[PDB]
Amino acid sequence: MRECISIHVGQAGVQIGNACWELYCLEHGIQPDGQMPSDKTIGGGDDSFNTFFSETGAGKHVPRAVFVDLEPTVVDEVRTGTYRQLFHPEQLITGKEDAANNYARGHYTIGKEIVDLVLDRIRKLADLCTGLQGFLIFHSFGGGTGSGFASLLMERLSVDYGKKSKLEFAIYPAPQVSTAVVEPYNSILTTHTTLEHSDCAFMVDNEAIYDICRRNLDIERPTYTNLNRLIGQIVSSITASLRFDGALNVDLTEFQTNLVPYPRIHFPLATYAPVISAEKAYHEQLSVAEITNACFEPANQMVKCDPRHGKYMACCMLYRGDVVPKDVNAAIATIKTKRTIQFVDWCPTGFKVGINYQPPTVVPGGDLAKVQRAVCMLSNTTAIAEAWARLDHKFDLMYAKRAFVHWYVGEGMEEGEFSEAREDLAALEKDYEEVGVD
Amino acid sequence: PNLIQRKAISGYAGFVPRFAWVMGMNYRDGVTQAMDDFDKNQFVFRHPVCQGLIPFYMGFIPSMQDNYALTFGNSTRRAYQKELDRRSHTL
Amino acid sequence: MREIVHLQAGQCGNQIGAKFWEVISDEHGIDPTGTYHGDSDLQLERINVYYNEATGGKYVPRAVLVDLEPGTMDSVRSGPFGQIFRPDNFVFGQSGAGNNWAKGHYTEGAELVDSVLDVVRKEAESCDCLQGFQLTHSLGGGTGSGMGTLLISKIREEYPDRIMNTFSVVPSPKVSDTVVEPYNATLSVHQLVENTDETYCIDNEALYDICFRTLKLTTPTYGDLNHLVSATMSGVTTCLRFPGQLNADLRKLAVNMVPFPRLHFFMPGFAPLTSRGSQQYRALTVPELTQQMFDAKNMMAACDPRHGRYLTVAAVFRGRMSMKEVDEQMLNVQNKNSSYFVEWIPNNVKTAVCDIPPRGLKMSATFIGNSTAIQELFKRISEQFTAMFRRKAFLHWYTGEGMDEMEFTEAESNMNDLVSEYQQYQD
Amino acid sequence: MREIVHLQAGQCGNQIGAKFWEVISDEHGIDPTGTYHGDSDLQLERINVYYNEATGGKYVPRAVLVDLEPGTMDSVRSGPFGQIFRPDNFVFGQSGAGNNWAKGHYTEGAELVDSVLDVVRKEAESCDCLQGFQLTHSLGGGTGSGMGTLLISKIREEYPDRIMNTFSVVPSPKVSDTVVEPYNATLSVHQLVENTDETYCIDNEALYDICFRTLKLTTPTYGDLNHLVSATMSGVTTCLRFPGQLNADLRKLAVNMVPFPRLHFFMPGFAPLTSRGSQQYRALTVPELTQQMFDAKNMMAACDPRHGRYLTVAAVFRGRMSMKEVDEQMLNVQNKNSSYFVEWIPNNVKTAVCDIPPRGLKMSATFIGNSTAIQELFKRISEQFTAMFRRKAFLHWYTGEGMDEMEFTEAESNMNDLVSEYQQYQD
Amino acid sequence: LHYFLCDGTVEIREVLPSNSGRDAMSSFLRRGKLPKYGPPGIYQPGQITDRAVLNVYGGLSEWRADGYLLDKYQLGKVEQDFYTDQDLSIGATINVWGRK
Ligand SMILES: Nc1nc2c(ncn2[C@@H]2O[C@H](COP(=O)(O)OP(=O)(O)OP(=O)(O)O)[C@@H](O)[C@H]2O)c(=O)[nH]1
Ligand SMILES: Nc1nc2c(ncn2[C@@H]2O[C@H](COP(=O)(O)OP(=O)(O)OP(=O)(O)O)[C@@H](O)[C@H]2O)c(=O)[nH]1
Ligand SMILES: Nc1nc2c(ncn2[C@@H]2O[C@H](COP(=O)(O)OP(=O)(O)OP(=O)(O)O)[C@@H](O)[C@H]2O)c(=O)[nH]1
């Protein structure tokens with residue numbers, strides 16, 4: 001039917017997978033024991049919940065996700081957590097050794113012995129699934145593990161499955177923070193190994209994730225609990241159409257078709273507009289015009305790329321909750337009439353809209369609000385070339401000073417690839433200004 | 001502590017006590033009784049500060065062959081009780 | 001799984017290992033009897049990193065202890081946990097050291113190496129997969145250096161893919177006791193630079209300055225000195241054990257830490273050492289930790305890198321924090337002293353965050369830095385070496401052993417090479 | 001039923017059997033007076049394979065004891081279990097030994113062979129279906145060899161279809177006490193090689209090595225040493241008398257064990273030896289049992305098997321095991337040192353697994369292995385033989401008693417043939 | 001044992017018999033002071049002494065090994081009882097780092 005396969009590749013992946021599945025159990029009320037209250041839902045697993053769970057004749061929902069890790073500690077703790085007996089035992093594949101922040105160590109010396117097992121899990125899910133619409137791959141760019149292994153996995157899964165779609169969600173380098181000196185290396189490695197098979201990859205910046213918290217949510221000391229909750233509700237908004245009903249519907253396939261103009265560039269930015277606390281929600285008014293102004297306001301975007309430094313190119317907005325289309329189209333009219341947002345001249349029309357009736361969901365004791373109207377925006381721009389421009393002016397320095405290269409050559413890597421990665425990246429920037437110029 | 005204090009998660013990359021003493025059996029029962037008597041003895045540990053054997057058996061129980069003139073069955077059960085009586089040296 | 005087997009050599013190493021082991025036992029609640037103390041399932045969950053399992057609910061340590069004179073081992077055995085150590089593993093030597101590095105390298109080592117290798121390989125067979133080995137010793141004193149050189153030079157080839165961490169006490173600058181100490185240090189560091197991968201340096205004068213300036217107690221012992229240095233090792237080590245999101249691998253810190261093969265030597269230093277009244281006169285906040293943390297007075301390593309410059313730093317914090325405090329602290333310090341860092345590579349701090357604070361304290365930390373601050377130390381050792389070799393003072397002993405001045409020549413060449421190298425990248 | 005009759009020869013065999021029989025008695029739990037207390041139905045079941053039973057619940061042993069000098073027999077009968085022997089079974093002669101194989105094989109034997117044969121065949125009539133006989137004696141010991149050669153030669157033909165176990169002690173490399181010992185050993189081995197099938201060889205030098213290394217008890221006694229040596233054959237016999245998914249027959253081991261007709265020589269090997277506090281300070285697991293078992297030090301028979309190559313190895317484990325661990329350990333050793341073995345016969349290992357452990361230990365092993373390690377023994381004996389023959393020193397006794405030097409010639413020829421023949425198999 | 005009266009400390013030696021199968025080391029324990037009860041959670045060496053200094057004005061210059069100003073309230077004096085001569089008799093209970 002309709003379903004997606006979840007691939008949490010990464011130590012940072014299990015973070016967000018744990019959080020987003022904590023969300024995913026609430027909206028259908030999946031008890032941490034595995035079965036519903038007195039009310040009846042069990043059967044072949046035929047309702048909206050099938051698209052994630054297989055609550056087969058055993059009556060227990062199956063998490064259609066696979067968790068891969070390279071340090072036993074965090075996976076061990078999460079299975080010593082609460083939702084353990086909900087999880088499947090050997091969907092939690094954990095190694096015994098670390099990539100040592102080294103993309104090459106992750107890629108060559110360590111990657112080989114696990115790919116067989118991981119493909120085994122994927123195919124023994126693929127046999128029982130029907131639609132095979134897509135995967136949700138989550139890794140981390142600066143992943144001291146998650147960096148490399150994910151890339152080679154993408155390689156082999158693309159070559160053995162050449163038809164279906166791939167959505168990547170990866171926390172990005174920070175502009176002024178690199179908590180790993182190896183981050184500016186593995187970033188270029190992963191980029192020039194993944195641009196050519198990754199279907200659509202999305203990024204976001206942790207620093208601005210922090211900033212928004214005390215810009216509007218008023219959180220001086222947030223944590224991962226908060227951050228992961230945010231990203232989880234992001235993906236919940238994006239798959240709301242997949243799960244629930246509404247007036248008109250769209251799918252990840254439509255996202256792929258509409259959003260990405262050219263090969264290469266498929267890197268839009270996402271913003272969730274109605275992030276605000278309960279005190280604001282209670283005696284403060286919510287409506288379409290102000291939420292749209294919030295979404296297109298530059299600062300609220302969690303990536304330090306001023307849109308005025310660039311030009312909006314494509315735009316997809318999904319509205320969720322009790323909303324009507326009149327104000328929606330009037331708002332898009334006011335938006336297009338405003339001049340400051342200088343659109344690329346190519347497409348006169350650049351707006352894909354998707355409406356779902358079902359309101360979003362809070363978690364008790366959480367941080368979000370008892371919302372009625374919500375909008376998620378994902379739009380692709382040209383205002384982002386500055387980030388990789390920033391990456392190069394330091395990668396050049398460090399490779400010219402050949403610092404740490406002893407590490408990679410000792411583990412068994414050479415440098416022709418390190419050379420060609422920079423031309424791949426230069427190609428992406430030059431294509432960016434080429435497409436920007438009209 | 002550890003809830004589901006009966007089995008902590010099949011495929012425990014972390015290790016468990018009672019790999020020794022009583023092991024050679026599977027995860028669940030071993031780990032749960034491990035932790036159970038483990039914690040119990042720790043607590044104390046932290047207390048104050050101050051009829052009818054069938055024929056053709058091989059294996060000699062006392063006497064037997066000296067006495068005779070019956071069937072294997074009756075004779076053997078006879079010895080079965082009298083090994084509580086006079087050749088009571090069996091245990 | 002992955003685990004650690006410890007090496008303690010020299011009488012310094014004996015004392016250090018004794019304190020270090022007893023502090024770890026205090027951490028996981030082990031008593032002098034040897035049974036477990038169940039209070040923290042989390043303190044139980046990972047004992048394989050340091051303790052093998054024995055029968056009867058007992059936890060032998062995987063420690064190889066070596067010395068030459070029986071009195072040191074008898075003192076250690078008569079301490080609070082000699083029963084926790086093993087008698088079988090108590091290998092020792094038939095003669096005295098003589099505080100002569102040639103003796104330590106060719107005369108008796110030539111027939112102790114066999115037994116020590118047998119013991120260590122038996123332990124390795126017992127265990128499955130190693131991070132590697134850390135060795136605690138002295139580079140200046142006789143026994144520690146004399147056997148450390150040989151043991152690393154051996155173990156390296158038979159285990160070519162492990163972490164060879166060397167944790168050594170550095171001889172006193174102005175009063176080093178041993179008068180052949182310059183010679184010993186030179187002939188030891190010569191092989192050390194070629195064999196090890198990562199090195200921790202500590203000086204007892206800086207220990208004295210700490211124990212006076214901030215401890216404020218006027219009558220400590222070398223035991224208290226060992227306690228502080230053991231605190232440093234506990235902070236660097238326990239990361240492997242406990243949960244929470246942070247890099248733990250020693251190789252991880254290495255690949256974050258060392259830019260070039262000859263880069264080896266680092267400078268420890270702790271988080272709040274608290275006087276008699278400042279426990280209740282102090283509020284524990286991330287800003288004040290960072291304040292006292294990256295402080296000149298607080299450094300315990302050799303002497304102020306104020307002359308030198310910082311290549312890289314690594315910080316491991318411990319407690320119930322979040323990310324943005326360490327983020328803002330590092331952002332601030334970068335610009336608070338921009339000029340003291342090397343412009344070669346930015347983002348020069350590697351940061352780790354653990355959730356399990358020590359037994360009796362809420363917010364703690366540990367620092368380690370690679371700074372261009374060893375030039376002065378081995379420069380001083382260079383003048384002493386040149387002055388003493390100038391007229392072949394005390395040369396008769398080592399010649400009688402069978403040494404030669406040629407090895408002195410290439411040793412001084414190598415040390416000067418390191419001097420120039422550490423000069424070049426920084427300046 | 002199947003049963004085994006014990007033969008005690010030579011004054012060593014005296015003390016050896018004296019310890020061995022009380023070992024059996026207490027491993028079955030019987031008082032000195034003989035009134036067995038049933039504490040284990042299984043041991044009660046299988047006690048038959050050695051014992052016969054009178055009335056009154058006293059377990060007579062089926063062991064024939066023979067000597068010449070009466071005092072040692074008086075001592076053993078006065079000992080703690082003298083009542084358990086049969087004064088019926090004691091036979092001797094009036095005359096002395098001279099520690100002289102000439103007298104033993106021609107003079108003093110001709111008037112005791114009759115009575116010893118009579119008693120042994122009477123007990124043979126008493127028993128039903130033998131596997132065979134085992135003889136405890138010495139090869140360098142005088143009277144033991146003197147009687148043993150004859151008695152083996154006389155039982156071989158009468159019972160040509162059974163198992164002739166021989167148990168003997170080898171002269172010390174450094175000093176053999178007896179000085180006509182090499183002549184005696186050569187003369188005895190001449191008949192042993194032709195007649196026997198199986199022979200264990202033991203030596204006090206490596207026994208003393210064991211005592212220093214692991215007994216660690218300062219002042220030992222030869223009785224406890226006999227305990228140490230007796231545990232071995234007790235163990236190899238243990239399976240005969242207890243259940244479990246394994247097999248026991250001395251033939252069931254010999255067929256595995258002997259690759260060619262001229263092979264009879266076997267070096268015992270024993271498992272966990274426990275020191276001062278290692279009782280509490282060791283972890284008993286199949287891994288460490290395997291490691292400690294297959295060791296150069298733990299071997300005690302002849303010489304370090306470091307120098308040659310192995311041919312066949314057999315191990316029997318006693319406790320509550322499974323097949324996985326033994327199989328994987330065998331693979332571990334085989335692959336680790338594939339070179340030490342001989343490539344002629346691959347899969348050169350055998351493993352038996354019995355459920356009922358020895359008393360006091362929950363897990364034990366016993367090792368026997370026939371390797372190309374026996375060279376040095378008959379080498380040494382050969383050079384000593386020729387050297388002492390160079391001037392025929394100590395020969396008037398033997399020529400007077402009435403042999404000729406031609407028997408010496410052929411004995412040395414056969415021994416040289418054995419030398420070359422093992423050398424040809426090995427290389 | 002051998003209880004000193006000039007130090008308030010204790011020493012332990014061993015009387016193992018011959019052939020006991022035990023090491024030759026005699027002085028089983030040090031001559032420090034036995035805590036009255038079980039192994040105290042190590043009271044973080046760094047604050048384990050007797051006096052209480054207030055401030056040090058020395059490192060300003062160098063005339064002596066700096067000054068040690070005293071105090072008058074002695075805060076942080078923490079309770080560590082020790083096995084004195086009082087609780088001694090034939091027949092009692094004494095814990096020695098876990099030794100009943
Ligand atoms: N996704 C996620 N990222 C985090 C979290 N906390 C910090 N991060 C960021 O995510 C990244 C984690 O990736 P890596 O450091 O490479 O992790 P790794 O190679 O798998 O190994 P570990 O560091 O041991 O977890 C870090 O660079 C952090 O910047 C979190 O809870 N979730
Ligand atoms: N145990 C102990 N060691 C100390 C103390 N102070 C300094 N040390 C160090 O211990 C070192 C020697 O330790 P070892 O290596 O075991 O002894 P060694 O090899 O014989 O070297 P020598 O000092 O010449 O005797 C010295 O170089 C000192 O630097 C102390 O107070 N107690
Ligand atoms: N009973 C006993 N025999 C020992 C001991 N040590 C070595 N043996 C040897 O074991 C040998 C076998 O004993 P017998 O065959 O009875 O001795 P023998 O035939 O009278 O002649 P000799 O060997 O010269 O004494 C002895 O000869 C000794 O050489 C010991 O401690 N006790």
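A Cβ is built for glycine as well, from the same backbone N, Cα and C atoms used for every other residue.
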Matching residue for the GTP site, where Swiss-Prot names A:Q11, A:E71, A:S140, A:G144, A:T145, A:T179, A:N228 - out of A:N206, A:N249, A:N258: A:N206
Motif 'MREC motif' range according to Swiss-Prot, out of A:1-4, A:5-8, A:21-24, A:269-272: A:1-4
Counts of helix, strand and coil residues, the motif 'MREC motif' (A:1-4), according to DSSP: 0 helix, 1 strand, 3 coil
Listed modified residues (A:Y83, A:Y432), ranked by Cβ neighbours within 10 Å, top entry: A:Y432
Among A:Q11, A:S48, A:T179, the one of these recorded positions whose Cβ has the fewest neighbouring Cβ atoms within 10 Å: A:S48
Site of maximum Cβ density within 10 Å, from recorded positions A:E71, A:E254: A:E71
Candidates A:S48, A:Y83, A:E254, A:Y432, namely the recorded positions, that fall within 10 Å of A:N206 (GTP binding site) by Cα distance: none
Distance, A:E254 (active site) to A:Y432 (phosphotyrosine) (CA atoms, angstrom): 23
Sparsest-packed of the listed binding-site residues (A:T145, A:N206) - C-beta count within 10 angstroms: A:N206
Which of A:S140, A:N228, the listed binding-site residues, has fewest other Cβ atoms within 10 Å: A:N228
Neighbour-count leader, CB within 10 A, recorded positions: A:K40, A:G144: A:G144
A:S140 (GTP binding site) and A:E254 (active site), Cα-Cα, nearest whole angstrom: 25
Recorded positions whose CB lies under 6 angstroms from ligand 1, from A:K40, A:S48, A:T145, A:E254, A:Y432: A:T145
